[PDB]
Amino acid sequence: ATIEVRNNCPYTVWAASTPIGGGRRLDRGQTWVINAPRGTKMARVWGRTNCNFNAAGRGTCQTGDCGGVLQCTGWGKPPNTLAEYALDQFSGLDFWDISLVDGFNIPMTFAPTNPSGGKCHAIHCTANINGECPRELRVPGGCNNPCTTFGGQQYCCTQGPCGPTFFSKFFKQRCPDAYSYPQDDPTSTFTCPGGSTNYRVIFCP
């Protein structure tokens, strides 16, 4: 129910969170704790780089921009490393993961405060993805997933079943615990007992 977001990067990160939270400027060291009610689904928190917001809370962001606003209401523009979660009330379970399906921009840690059996423990994506990113997927401040760059069933899995590709593997090899393509379920799927824990999202662990 309670997610704590912290920035550890040697640079400022504008945190964002939907459907609850909005956005928050976080200089190195700062924290932002949001409360997510049981029943919150299709939720995600992420970080935006090089934002230039005016005093009215508007402007643009280099990565993860959500329609020119600080208080994010909708999703952000790739590439943006994502902490995805859903606090299901039907099952009493918490389904979460770290996704690279929309690219990578900032390294992070997505961990439950109370870890337990194998599927409910801390996971991270801290490899130097931005520096090794293929020239075909490289953009200012991030690395796009091939589905974004190229589109098509092969990468996006819209027409039917799919498997990993050379480019999804670039991400998977470096961050094995995260979704590298649309149906990377088996190795990117995490679950914790509802209420048995809170969560923490850290940028640049």
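Start at 1 and count along the sequence shown; that's the residue number.
Peer 1: Mean Cα B factor from the PDB record: higher for 114 to 122, or higher for 98 to 106?
Peer 2: Of 98 to 106 and 114 to 122, the stretch with the higher C-alpha B-factor average is 114 to 122.
Peer 1: Taking the recorded C-alpha temperature factors, which stretch has the higher mean, 74 to 82 or 89 to 97?
Peer 2: Result: 89 to 97.
Peer 1: Highest CA temperature factor in the entry: which of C66, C143, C175, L26?
Peer 2: Each of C66, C143, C175, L26 was compared by C-alpha B-factor; the highest is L26.
Peer 1: Taking the values straight from the PDB record, which of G163, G151, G47, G59 has the highest C-alpha temperature factor?
Peer 2: Comparing C-alpha B-factors across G163, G151, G47, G59, the top value belongs to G59.
Peer 1: Against its chain's modelled residues, does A16's Cα B factor rank lowest, middle or highest third?
Peer 2: Lowest third.
Peer 1: Ranking every modelled residue in this chain by its Cα temperature factor as given in the entry, which third contains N52?
Peer 2: Highest third, going by the recorded CA B-factors of the chain.
Peer 1: Per the entry's values, where does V139 land by CA temperature factor relative to the rest of its chain, in the lowest, middle or highest third?
Peer 2: It falls in the middle third of the chain.
Peer 1: Would the CA B-factor of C157 place it in the lowest, middle or highest third of its chain?
Peer 2: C157: CA B-factor falls in the middle third of its chain.
Peer 1: Can you tell me which third, lowest, middle or highest, the CA B-factor of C147 falls into for its chain?
Peer 2: Ranked within chain, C147 CA B lands in the lowest tercile.
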